[PDB]
Amino acid sequence: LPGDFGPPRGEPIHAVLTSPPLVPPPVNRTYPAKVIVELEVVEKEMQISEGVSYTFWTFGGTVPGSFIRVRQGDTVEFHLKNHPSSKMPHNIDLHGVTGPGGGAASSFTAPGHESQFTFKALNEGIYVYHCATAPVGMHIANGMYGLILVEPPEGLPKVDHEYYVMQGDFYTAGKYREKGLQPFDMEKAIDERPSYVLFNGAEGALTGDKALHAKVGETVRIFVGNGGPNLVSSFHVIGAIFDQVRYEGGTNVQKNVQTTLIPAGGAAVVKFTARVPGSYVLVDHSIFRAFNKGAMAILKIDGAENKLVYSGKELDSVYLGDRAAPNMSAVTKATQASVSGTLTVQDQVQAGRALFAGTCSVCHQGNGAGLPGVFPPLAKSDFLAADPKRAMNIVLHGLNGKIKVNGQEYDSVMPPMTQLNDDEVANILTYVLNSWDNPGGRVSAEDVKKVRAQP
Amino acid sequence: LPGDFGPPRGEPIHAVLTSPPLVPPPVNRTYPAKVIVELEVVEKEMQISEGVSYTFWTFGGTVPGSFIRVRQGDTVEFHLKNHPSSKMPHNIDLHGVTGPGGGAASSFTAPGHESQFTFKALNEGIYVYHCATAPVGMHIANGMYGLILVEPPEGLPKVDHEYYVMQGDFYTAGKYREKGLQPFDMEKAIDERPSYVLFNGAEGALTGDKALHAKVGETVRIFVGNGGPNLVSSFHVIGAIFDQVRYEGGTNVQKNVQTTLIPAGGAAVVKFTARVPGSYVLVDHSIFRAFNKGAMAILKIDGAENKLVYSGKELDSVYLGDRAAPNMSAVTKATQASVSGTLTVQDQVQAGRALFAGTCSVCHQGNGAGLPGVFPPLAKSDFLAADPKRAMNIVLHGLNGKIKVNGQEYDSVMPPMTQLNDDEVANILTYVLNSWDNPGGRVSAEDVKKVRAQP
Amino acid sequence: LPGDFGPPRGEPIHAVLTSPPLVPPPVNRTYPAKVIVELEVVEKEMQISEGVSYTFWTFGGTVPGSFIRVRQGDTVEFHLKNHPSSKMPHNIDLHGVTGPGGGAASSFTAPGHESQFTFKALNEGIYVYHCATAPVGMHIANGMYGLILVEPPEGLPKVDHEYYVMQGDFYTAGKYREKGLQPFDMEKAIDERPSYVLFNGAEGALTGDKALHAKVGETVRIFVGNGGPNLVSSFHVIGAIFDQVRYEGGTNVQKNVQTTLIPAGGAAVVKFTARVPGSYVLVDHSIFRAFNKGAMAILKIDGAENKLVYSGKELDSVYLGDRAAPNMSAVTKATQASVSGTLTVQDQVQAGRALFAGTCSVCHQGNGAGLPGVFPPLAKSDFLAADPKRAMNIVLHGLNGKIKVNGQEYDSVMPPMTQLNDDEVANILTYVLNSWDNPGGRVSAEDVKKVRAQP
Ligand code: HEC
Ligand code: HEC
Ligand code: HEC
Ligand SMILES: [Cu+2]
Ligand SMILES: [Cu+2]
Ligand SMILES: [Cu+2]
């Protein structure tokens with residue numbers, strides 16, 4: 001058979017698995033081994049977005065699952081354990097396995113049990129693994145996917161950094177950024193209408209202070225999976241080009257491309273060389289996914305500028321929106337305080353500050369000053385202070401026509417922003433009221449609910 | 001011109017067309033010929049799923065249409081006939097034809113008529129053909145697509161088996177598995193929301209006793225089309241790898257890939273080598289299509305196990321669900337009996353048995369025993385017998401919280417299964433009631449309709 | 001760095017930009033230059049379809065934006081100006097730029113202002129540029145995308161024609177062909193449900209008298225972009241094959257393919273050789289886009305027939321529908337007349353004539369004669385004249401069963417055509433009434449609204 005280098009030699013190796021976005025070290029090995037893999041399924045609530053909880057089903061406690069790294073020709077003894085707290089049974093299908101179900105039948109595992117099967121890794125490449133338990137779509141949509149790398153016998157070329165990034169589409173009963181513990185929504189899933197499309201299982205998993213890092217000059221390899229369940233990723237890097245893209249274990253390698261399609265359940269290895277400092281955005285270039293549903297990740301490059309290659313500034317909230325900042329933890333706090341019944345004005349102000357970036361500042365500015373005659377000010381705005389209910393209606397329904405603000409005429413259009421949730425509108429408005437010599441006070445989510453319901 | 005090998009020589013050849021999943025034999029020919037192709041359009045009702053009828057519009061009585069096999073450089077005389085029973089006019093656009101419409105204008109054919117045009121096959125490759133009659137989307141969605149192979153002059157490499165598989169997306173007024181003659185739904189089609197996504201024009205067309213077959217060691221070529229009309233297939237083989245994938249007549253060939261995107265109206269040739277016995281699943285790896293809408297087909301490999309490559313078991317209902325069995329003909333029977341007004345308890349029991357596999361057995365087991373403390377039993381269940389209306393509500397709406405069943409406490413979650421149709425719920429429950437020393441009786445679809453309608 | 005050929009030499013060059021579907025001439029240059037690009041954003045209403053207006057946001061007054069053509073190694077000084085009449089701020093992200101945001105942060109530009117940044121063009125290839133201003137999806141969906149070509153240092157191979165074609169998906173509050181100024185619809189956009197999918201920013205932008213042109217024998221290069229924001233194009237040429245397809249600046253080139261996937265925000269260069277005369281259709285082969293939402297463009301080839309390659313006729317309304325004609329300007333006129341309150345019978349007749357092609361003529365014929373016993377006549381139809389309200393209901397709801405028309409029995413099915421708008425139905429019926437010795441008179445959109453509303 002291809003990839004057959006004999007029986008395993010040396011000692012049995014207990015595989016070291018890593019959580020995203022990190023990868024285990026190169027196998028660095030000239031002989032085939034028996035590799036023992038132990039993976040445990042855990043079902044648990046985590047934050048899919050700030051103040052938004054979801055019950056994930058995970059291989060190893062993360063979405064995506066633990067990264068597994070072996071060598072072509074290895075004999076893999078795969079142990080799957082299903083944690084006693086689990087409610088569902090689970091199993092695994094690994095792409096790149098040669099045999100029925102990729103492991104599915106022999107890895108079937110009830111809560112509190114363990115299963116094992118053995119396989120030879122005949123096929124070199126980067127491969128998706130996922131759960132394979134009826135209803136399969138439900139399991140994958142709850143986060144049951146990861147990557148396994150089968151290295152070529154001589155290993156991969158050395159690089160300065162290796163990272164692990166995995167897209168997934170998610171289906172919540174609530175709309176995007178609607179707070180609370182969100183159930184899985186089977187209707188949306190059957191219709192291929194995700195509420196969130198994410199890298200590494202949460203909004204902002206790889207933005208701000210959780211960005212990936214490298215330096216000018218260094219090479220970076222990214223192992224990129226698409227767990228689906230349903231979407232095909234127009235996978236793209238903003239501001240750069242991939243030196244190489246290779247799908248699965250495929251013999252073809254594409255070079256110098258910026259945009260590449262990754263099928264549902266597909267995987268690729270991309271190589272990137274850092275040339276100038278700043279933030280490079282990994283996105284699904286089906287744009288509403290990247291900018292309205294959470295499908296963005298940051299590779300942040302540090303080092304000397306090169307004005308002869310690029311004279312411009314680092315990314316900011318104009319493009320990246322509220323993810324230009326280090327985090328939006330103020331939103332989490334304000335949500336937790338709402339639940340507990342201890343929500344203060346300052347909680348709301350801090351949450352609104354986080355949310356105002358991009359969403360409002362793109363026209364009104366970060367300091368609320370506007371641009372005279374073009375964008376009216378929110379700083380010390382007579383128009384705002386004059387009527388706070390009207391301000392709620394402007395955010396929800398937009399505004400057009402001639403207005404006067406601080407003694408100057410505006411005649412333009414503010415688009416409606418109806419997708420904002422009640423709490424986001426309330427927090428943003430509360431931030432504005434308490435900034436820039438505005439009169440203070442607060443707007444509550446419940447005030448916004450009433451205005452939204454009014455015909 | 002390219003692919004020009006002179007005028008046709010020898011005798012005129014009447015092309016031998018085959019129905020899916022089979023392919024005509026290699027042309028096996030060193031000279032260009034005049035090839036006469038006769039294809040007849042037939043409009044007819046067939047089963048798109050068990051007890052679910054659809055009026056298909058077909059090239060040659062099948063979906064996909066008859067496979068056409070010629071040699072590059074051949075002069076093809078194409079005859080299209082539209083059966084007198086047809087209500088619509090039809091025509092053909094063949095990909096790989098050099099000329100306006102791929103044949104569309106000259107092949108326009110009213111019911112009871114015949115058309116012909118001639119073309120030279122300049123372009124080697126595997127190509128989609130489809131109907132090209134306004135409204136074009138309606139025709140293609142009713143099943144009017146197939147494949148034509150233009151062999152290279154020396155022919156393709158010899159293999160042990162050649163098969164013909166074609167994906168399509170379908171748009172019914174009813175939901176998935178909703179019984180009866182289902183009309184075409186233009187709204188769903190415009191929205192790209194298929195109710196079914198199928199290989200070879202029906203659920204289970206290529207599963208169970210209709211699987212494709214080969215033996216360990218043999219090579220298999222599959223001609224894979226995507227008729228659409230709308231979907232792009234993340235085409236994938238579970239448990240194996242494609243040695244080669246080649247799109248259309250393209251010069252590039254990809255090797256050792258498991259997952260490949262096939263555009264709407266695209267076609268590929270995949271090669272597969274059987275290495276270990278068992279069932280290999282062809283799927284659209286946009287998962288809800290493969291596991292909720294019918295997009296799965298089986299290549300079943302027979303021969304000696306090889307425990308050094310793979311130690312595990314054959315696929316079963318955990319992964320494949322109700323398609324692990326040879327067929328679900330009991331469902332067809334129970335549906336026909338409902339229509340006729342002769343539905344017996346045993347009809348329902350047999351239909352429910354077919355439907356219980358995967359759908360319920362994944363947690364409750366095939367024998368209904370459950371797993372003590374984890375999954376409650378349906379076998380001899382006091383809880384079930386205690387209240388059959390409640391059992392209907394559990395299937396539709398799920399169940400959580402503490403319960404007692406046969407003197408043991410359970411505290412878990414059964415997800416709702418609201419996508420099940422009234423008859424499926426009724427048949428499944430009737431099967432359960434009449435198995436495992438349960439008290440018998442029956443649930444009717446109409447009982448389930450009332451429970452579903454209750455607020 | 002790669003693509004570094006030294007500092008700019010010679011004189012500064014002011015880049016010549018072209019509107020679609022044309023391309024600037026080859027740079028024809030052996031040395032790196034400083035190239036100055038000046039692009040102005042204009043927001044304006046244009047016809048997205050006949051009698052249907054949309055407020056586009058454009059780079060240079062067109063959708064797609066002005067084509068930019070430079071050489072690898074050039075130093076580009078990019079000036080973006082935002083026209084004083086603009087309501088929104090805008091910026092640019094150019095694919096192929098090496099640096100954060102592809103230009104986004106430094107090109108941020110308020111109405112009435114100008115920005116500039118400089119970059120070196122290190123990466124050869126065809127690249128999308130688009131606006132990058134929060135909310136990014138809204139800007140791109142309003143038409144803010146184009147192509148930039150970075151030529152290899154030796155330039156591209158000479159061809160006879162070079163054209164510029166760009167797909168986009170659009171989201172209107174109204175349905176397809178619903179008349180009036182249509183607002184942008186954020187809900188449809190988030191859901192990836194376009195109302196229109198177009199080449200070059202309008203239905204018929206490249207059909208009829210606006211087709212692209214070449215002659216038998218000539219080679220044609222097309223620069224093909226997919227601006228999205230959301231859709232992946234199954235990009236296909238009907239009746240031909242691409243000699244070459246190359247994505248972005250990629251080293252891989254595919255040859256002899258007819259169907260190719262272009263990611264959202266991707267771009268390709270296709271080469272085509274004209275072999276026989278007639279109309280070749282560029283489509284997104286997700287069929288409902290091409291035939292129900294406007295995703296078709298025509299390359300019309302003139303020259304001698306070659307009956308040995310293809311014996312058939314030129315494309316007509318059977319396949320192309322109402323776009324087989326030179327234009328549908330009568331529809332624009334009738335819509336303008338409705339708005340002004342001067343709509344005459346002849347306005348309606350001419351608009352209905354344009355709309356009847358394909359939509360009705362495929363079965364009833366262009367002369368309304370039908371086919372005796374198979375398709376009943378609309379020419380001098382007693383059945384039509386007998387009841388005009390019934391005729392309205394037939395178009396909206398279809399017709400089946402036995403009928404008699406001009407003394408002959410028909411027993412067939414006319415499908416419903418409910419997606420037709422009130423004005424289209426009214427105009428079509430008014431055309432029929434006033435043709436072929438029918439009794440004349442007229443149907444108004446308001447008559448059709450009442451019939452449509454009746455239960
Ligand atoms: C894309 C531009 C844009 C965005 C984004 C935007 N605005 Fe505005 N906003 C405007 C314009 C323009 C007006 C004035 C409209 C007119 O002339 O009729 C306006 C008016 C207003 C007003 C009333 C006038 C004033 O200055 O007091 C308020 C309050 C306001 N915006 C708040 C917000 C808030 C809060 C956000 C975000 C949640 C936001 N806007 C987002 C452009 C924008
Ligand atoms: C994924 C797991 C799973 C699937 C699939 C599933 N069940 Fe259950 N089912 C359970 C669990 C767990 C409970 C107990 C819930 C609790 O503890 O509150 C349950 C409870 C029930 C009960 C009530 C308790 C009993 O044992 O009598 C019935 C009846 C039942 N299921 C029938 C079905 C039927 C019929 C199907 C399929 C149509 C099905 N279930 C599918 C997990 C499942
Ligand atoms: C795909 C076929 C097809 C298309 C498209 C179609 N028709 Fe028909 N039409 C028919 C058939 C068949 C009947 C007769 C149905 C029957 O036998 O019950 C019919 C019947 C009618 C009738 C009533 C009988 C008569 O001859 O007067 C009218 C009026 C009519 N069509 C108008 C139209 C108009 C207007 C259009 C387009 C807007 C249209 N049809 C599109 C096939 C078609
Ligand atoms: Cu699972
Ligand atoms: Cu047809
Ligand atoms: Cu813009």
# chains A, B, ... in the order shown; residues from 1 in each chain; ligands from 1

call {"tool": "interface_residues", "arguments": {"of": "chain B", "to": "chain A", "cutoff": "8 Å", "atoms": "only C-alpha atoms", "output": "MDAnalysis selection string"}}
result
chainID B and resid 193 234 238:241 254:261 275:281 285:289 291:292 307:316 318:321 358:359 362:363 374 412:413

call {"tool": "closest_atom_pairs", "arguments": {"of": "chain A", "to": "ligand 1", "cutoff": "8 Å", "atoms": "only C-alpha atoms and all ligand atoms", "output": "CSV"}}
result
residue,atom,partner,partner_atom_place_in_ligand_line,distance
A:356,CA,ligand 1,37 (C),6.3
A:358,CA,ligand 1,5 (C),7.5
A:359,CA,ligand 1,37 (C),5.2
A:360,CA,ligand 1,37 (C),3.5
A:361,CA,ligand 1,5 (C),6.9
A:362,CA,ligand 1,5 (C),5.8
A:363,CA,ligand 1,2 (C),4.6
A:364,CA,ligand 1,7 (N),6.2
A:370,CA,ligand 1,26 (O),7.8
A:374,CA,ligand 1,12 (C),6.5
A:375,CA,ligand 1,12 (C),4.9
A:376,CA,ligand 1,26 (O),4.1
A:377,CA,ligand 1,26 (O),4.4
A:378,CA,ligand 1,26 (O),4.7
A:379,CA,ligand 1,26 (O),7.9
A:381,CA,ligand 1,27 (O),5.2
A:382,CA,ligand 1,27 (O),6.9
A:383,CA,ligand 1,27 (O),4.7
A:384,CA,ligand 1,27 (O),4.3
A:385,CA,ligand 1,27 (O),7.9
A:390,CA,ligand 1,29 (C),7.9
A:391,CA,ligand 1,29 (C),4.8
A:392,CA,ligand 1,29 (C),7.8
A:394,CA,ligand 1,28 (C),6.2
A:395,CA,ligand 1,38 (C),5.6
A:398,CA,ligand 1,8 (Fe),7.7
A:399,CA,ligand 1,18 (O),5.0
A:400,CA,ligand 1,18 (O),3.5
A:401,CA,ligand 1,18 (O),4.2
A:402,CA,ligand 1,18 (O),5.3
A:403,CA,ligand 1,18 (O),5.5
A:404,CA,ligand 1,24 (C),8.0
A:405,CA,ligand 1,26 (O),5.9
A:409,CA,ligand 1,17 (O),7.8
A:410,CA,ligand 1,17 (O),4.3
A:411,CA,ligand 1,17 (O),3.7
A:412,CA,ligand 1,17 (O),3.7
A:413,CA,ligand 1,15 (C),4.6
A:414,CA,ligand 1,10 (C),4.1
A:415,CA,ligand 1,1 (C),6.4
A:417,CA,ligand 1,38 (C),7.0
A:425,CA,ligand 1,38 (C),6.7
A:428,CA,ligand 1,35 (C),6.2
A:429,CA,ligand 1,35 (C),5.9
A:432,CA,ligand 1,35 (C),7.2

call {"tool": "write_last_selection", "arguments": {"atoms": "N, CA and C atoms", "output": "short mmCIF file (atom, residue, chain, number, x, y, z; two decimals), in the first residue's frame"}}
result
data_model
loop_
_atom_site.label_atom_id
_atom_site.label_comp_id
_atom_site.auth_asym_id
_atom_site.auth_seq_id
_atom_site.Cartn_x
_atom_site.Cartn_y
_atom_site.Cartn_z
N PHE A 356 -19.64 51.31 20.60
CA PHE A 356 -19.79 52.52 19.83
C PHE A 356 -18.73 52.56 18.73
N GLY A 358 -16.64 51.93 15.65
CA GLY A 358 -17.01 51.45 14.33
C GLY A 358 -18.47 51.67 14.04
N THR A 359 -19.31 51.00 14.83
CA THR A 359 -20.77 51.04 14.71
C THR A 359 -21.37 52.46 14.64
N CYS A 360 -20.87 53.36 15.46
CA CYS A 360 -21.28 54.77 15.41
C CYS A 360 -20.12 55.70 15.05
N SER A 361 -18.90 55.39 15.48
CA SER A 361 -17.79 56.32 15.34
C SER A 361 -17.37 56.54 13.91
N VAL A 362 -17.78 55.66 13.01
CA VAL A 362 -17.32 55.80 11.65
C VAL A 362 -17.82 57.15 11.07
N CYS A 363 -19.03 57.57 11.41
CA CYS A 363 -19.50 58.89 10.99
C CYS A 363 -19.42 59.97 12.08
N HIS A 364 -19.81 59.64 13.31
CA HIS A 364 -19.82 60.61 14.39
C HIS A 364 -18.47 60.83 15.07
N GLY A 370 -18.26 64.69 15.11
CA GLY A 370 -18.82 64.72 13.78
C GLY A 370 -17.86 65.40 12.83
N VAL A 374 -21.65 67.88 7.71
CA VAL A 374 -21.65 66.56 7.06
C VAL A 374 -22.17 65.46 8.02
N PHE A 375 -21.55 65.35 9.19
CA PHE A 375 -22.01 64.43 10.20
C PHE A 375 -22.24 65.21 11.48
N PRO A 376 -23.49 65.24 11.97
CA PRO A 376 -23.75 66.06 13.16
C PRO A 376 -23.08 65.50 14.40
N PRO A 377 -22.77 66.37 15.37
CA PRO A 377 -22.10 65.90 16.58
C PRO A 377 -23.06 65.16 17.51
N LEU A 378 -22.54 64.16 18.20
CA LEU A 378 -23.16 63.62 19.41
C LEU A 378 -22.57 64.26 20.67
N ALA A 379 -21.39 64.90 20.55
CA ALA A 379 -20.77 65.62 21.66
C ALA A 379 -21.53 66.89 21.93
N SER A 381 -24.70 67.50 22.17
CA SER A 381 -25.68 67.68 21.10
C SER A 381 -26.98 68.15 21.69
N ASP A 382 -27.42 69.35 21.29
CA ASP A 382 -28.72 69.84 21.73
C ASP A 382 -29.83 68.93 21.24
N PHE A 383 -29.70 68.46 20.01
CA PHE A 383 -30.70 67.59 19.38
C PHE A 383 -30.89 66.27 20.15
N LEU A 384 -29.79 65.69 20.58
CA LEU A 384 -29.84 64.47 21.39
C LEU A 384 -30.52 64.74 22.73
N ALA A 385 -30.06 65.79 23.42
CA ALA A 385 -30.56 66.11 24.76
C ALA A 385 -32.00 66.49 24.70
N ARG A 390 -36.58 60.01 20.88
CA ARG A 390 -36.28 60.22 19.48
C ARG A 390 -34.91 59.63 19.13
N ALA A 391 -33.92 59.79 20.01
CA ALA A 391 -32.62 59.17 19.77
C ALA A 391 -32.68 57.64 19.62
N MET A 392 -33.46 56.97 20.47
CA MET A 392 -33.77 55.54 20.33
C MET A 392 -34.35 55.20 18.97
N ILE A 394 -34.07 56.96 16.15
CA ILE A 394 -33.04 57.21 15.15
C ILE A 394 -32.10 56.00 15.00
N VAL A 395 -31.67 55.42 16.11
CA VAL A 395 -30.78 54.27 16.02
C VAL A 395 -31.54 53.11 15.34
N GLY A 398 -33.19 54.80 11.63
CA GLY A 398 -32.46 55.79 10.83
C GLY A 398 -33.05 57.19 10.94
N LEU A 399 -32.47 58.12 10.18
CA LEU A 399 -32.93 59.49 10.14
C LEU A 399 -32.55 60.11 8.80
N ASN A 400 -33.47 60.83 8.17
CA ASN A 400 -33.10 61.63 7.01
C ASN A 400 -33.81 62.94 7.01
N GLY A 401 -33.42 63.81 6.09
CA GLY A 401 -34.03 65.11 5.96
C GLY A 401 -33.26 66.16 6.70
N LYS A 402 -33.74 67.39 6.57
CA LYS A 402 -33.09 68.54 7.17
C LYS A 402 -33.26 68.52 8.66
N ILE A 403 -32.16 68.69 9.37
CA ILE A 403 -32.18 68.86 10.81
C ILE A 403 -31.21 69.94 11.18
N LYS A 404 -31.37 70.47 12.38
CA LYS A 404 -30.45 71.42 12.94
C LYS A 404 -29.86 70.84 14.20
N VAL A 405 -28.54 70.88 14.33
CA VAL A 405 -27.88 70.38 15.54
C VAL A 405 -26.77 71.35 15.89
N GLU A 409 -27.00 73.26 10.06
CA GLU A 409 -27.94 72.45 9.28
C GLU A 409 -27.25 71.22 8.71
N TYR A 410 -27.93 70.09 8.81
CA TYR A 410 -27.52 68.82 8.22
C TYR A 410 -28.65 68.36 7.35
N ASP A 411 -28.32 67.77 6.21
CA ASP A 411 -29.31 67.18 5.33
C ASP A 411 -28.74 65.96 4.63
N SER A 412 -28.86 64.84 5.32
CA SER A 412 -28.19 63.63 4.96
C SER A 412 -29.02 62.45 5.42
N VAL A 413 -28.42 61.27 5.44
CA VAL A 413 -29.12 60.04 5.78
C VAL A 413 -28.26 59.26 6.76
N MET A 414 -28.85 58.92 7.90
CA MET A 414 -28.30 57.93 8.79
C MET A 414 -29.10 56.64 8.56
N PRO A 415 -28.44 55.54 8.10
CA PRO A 415 -29.20 54.30 7.86
C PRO A 415 -29.81 53.72 9.14
N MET A 417 -30.47 50.95 12.00
CA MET A 417 -29.58 49.97 12.61
C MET A 417 -30.38 49.02 13.46
N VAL A 425 -28.39 48.98 21.98
CA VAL A 425 -28.89 50.32 21.75
C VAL A 425 -28.90 51.08 23.06
N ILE A 428 -25.22 51.76 24.22
CA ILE A 428 -24.61 52.77 23.38
C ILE A 428 -25.15 54.16 23.74
N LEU A 429 -26.48 54.29 23.81
CA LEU A 429 -27.09 55.58 24.15
C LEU A 429 -26.73 56.05 25.55
N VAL A 432 -23.39 57.57 25.36
CA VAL A 432 -23.35 58.86 24.70
C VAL A 432 -23.84 59.96 25.67
#

call {"tool": "atom_distance", "arguments": {"atom1": "atom CA of residue A:367", "atom2": "atom CA of residue A:443"}}
result
20.2 Å

call {"tool": "select_by_dssp", "arguments": {"residues": "stretch 53-176 of chain B", "states": "helix (DSSP H, G or I)", "output": "JSON, numbers by chain"}}
result
{"B": [100, 101, 102, 103, 136, 137, 138, 139, 140, 141]}

call {"tool": "residues_around", "arguments": {"residues": "stretch 27-40 of chain A", "least_positions_apart": "6", "cutoff": "8 Å", "atoms": "only C-alpha atoms", "output": "number ranges by chain"}}
result
A: 5-15, 59-61, 66, 68-83, 151, 153-155

call {"tool": "write_last_selection", "arguments": {"atoms": "N, CA and C atoms", "output": "short mmCIF file (atom, residue, chain, number, x, y, z; two decimals), in the first residue's frame"}}
result
data_model
loop_
_atom_site.label_atom_id
_atom_site.label_comp_id
_atom_site.auth_asym_id
_atom_site.auth_seq_id
_atom_site.Cartn_x
_atom_site.Cartn_y
_atom_site.Cartn_z
N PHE A 5 5.51 1.94 5.62
CA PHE A 5 6.95 1.93 5.94
C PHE A 5 7.31 0.84 6.96
N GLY A 6 6.45 -0.16 7.10
CA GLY A 6 6.72 -1.28 7.98
C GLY A 6 5.96 -1.22 9.29
N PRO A 7 6.21 -2.21 10.16
CA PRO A 7 5.57 -2.22 11.47
C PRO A 7 6.13 -1.09 12.33
N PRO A 8 5.38 -0.66 13.36
CA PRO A 8 5.87 0.36 14.25
C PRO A 8 7.14 -0.09 14.98
N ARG A 9 8.08 0.84 15.19
CA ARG A 9 9.33 0.61 15.88
C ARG A 9 9.50 1.60 17.02
N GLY A 10 10.56 1.40 17.81
CA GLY A 10 10.84 2.27 18.95
C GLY A 10 9.84 2.01 20.05
N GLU A 11 9.56 3.02 20.86
CA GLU A 11 8.57 2.93 21.93
C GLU A 11 7.20 3.43 21.48
N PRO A 12 6.13 2.96 22.14
CA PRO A 12 4.85 3.62 21.92
C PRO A 12 4.93 5.06 22.39
N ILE A 13 4.36 5.94 21.59
CA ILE A 13 4.37 7.36 21.86
C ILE A 13 2.95 7.78 22.28
N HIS A 14 2.83 8.47 23.40
CA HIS A 14 1.57 9.09 23.78
C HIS A 14 1.51 10.46 23.11
N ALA A 15 0.56 10.64 22.21
CA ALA A 15 0.49 11.85 21.41
C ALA A 15 0.21 13.05 22.29
N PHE A 59 -14.46 18.14 21.35
CA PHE A 59 -13.39 17.17 21.47
C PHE A 59 -12.24 17.84 22.26
N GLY A 60 -12.11 17.53 23.56
CA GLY A 60 -11.01 18.02 24.36
C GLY A 60 -11.25 19.36 25.05
N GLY A 61 -12.51 19.80 25.09
CA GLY A 61 -12.86 21.04 25.78
C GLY A 61 -12.77 22.32 24.97
N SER A 66 -8.93 19.37 19.90
CA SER A 66 -7.50 19.27 20.05
C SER A 66 -6.85 18.86 18.72
N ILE A 68 -4.22 17.02 16.48
CA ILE A 68 -3.52 15.72 16.57
C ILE A 68 -2.47 15.73 15.50
N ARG A 69 -1.25 15.33 15.84
CA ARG A 69 -0.13 15.38 14.92
C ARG A 69 0.65 14.07 14.92
N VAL A 70 0.64 13.38 13.78
CA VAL A 70 1.32 12.10 13.59
C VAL A 70 2.11 12.13 12.28
N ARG A 71 2.75 11.01 11.95
CA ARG A 71 3.57 10.86 10.75
C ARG A 71 2.94 9.83 9.86
N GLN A 72 3.00 10.06 8.55
CA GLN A 72 2.58 9.07 7.58
C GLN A 72 3.31 7.74 7.83
N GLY A 73 2.54 6.66 7.87
CA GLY A 73 3.04 5.32 8.14
C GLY A 73 2.86 4.89 9.57
N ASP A 74 2.51 5.82 10.47
CA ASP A 74 2.29 5.48 11.88
C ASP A 74 1.06 4.61 12.08
N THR A 75 1.11 3.80 13.14
CA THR A 75 -0.03 3.01 13.56
C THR A 75 -0.62 3.78 14.71
N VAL A 76 -1.84 4.32 14.51
CA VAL A 76 -2.53 5.10 15.53
C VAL A 76 -3.57 4.28 16.29
N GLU A 77 -3.39 4.22 17.60
CA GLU A 77 -4.35 3.63 18.51
C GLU A 77 -5.18 4.76 19.10
N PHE A 78 -6.43 4.87 18.63
CA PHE A 78 -7.28 6.00 18.99
C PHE A 78 -8.26 5.64 20.11
N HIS A 79 -8.19 6.39 21.21
CA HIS A 79 -9.05 6.20 22.37
C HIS A 79 -9.95 7.40 22.41
N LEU A 80 -11.26 7.17 22.42
CA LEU A 80 -12.21 8.24 22.59
C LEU A 80 -12.96 7.98 23.88
N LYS A 81 -13.05 9.00 24.70
CA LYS A 81 -13.72 8.91 25.98
C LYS A 81 -14.77 9.96 25.98
N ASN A 82 -15.90 9.62 26.57
CA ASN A 82 -17.01 10.50 26.61
C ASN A 82 -17.21 10.78 28.06
N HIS A 83 -17.12 12.05 28.42
CA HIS A 83 -17.12 12.46 29.80
C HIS A 83 -18.45 12.06 30.47
N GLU A 151 2.02 14.08 8.81
CA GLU A 151 3.19 14.64 8.19
C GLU A 151 3.75 13.67 7.15
N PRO A 153 6.94 11.76 5.50
CA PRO A 153 7.97 11.08 6.29
C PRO A 153 9.18 11.95 6.66
N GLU A 154 9.56 12.86 5.78
CA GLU A 154 10.64 13.79 6.04
C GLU A 154 10.20 15.05 6.83
N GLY A 155 8.93 15.15 7.21
CA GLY A 155 8.40 16.35 7.88
C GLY A 155 8.19 17.54 6.94
#

call {"tool": "select_by_dssp", "arguments": {"residues": "stretch 272-439 of chain A", "states": "strand (DSSP E or B)", "output": "ChimeraX atom specification"}}
result
/A:272-273,278-284,296-302,310,371,375,399-405,408-414
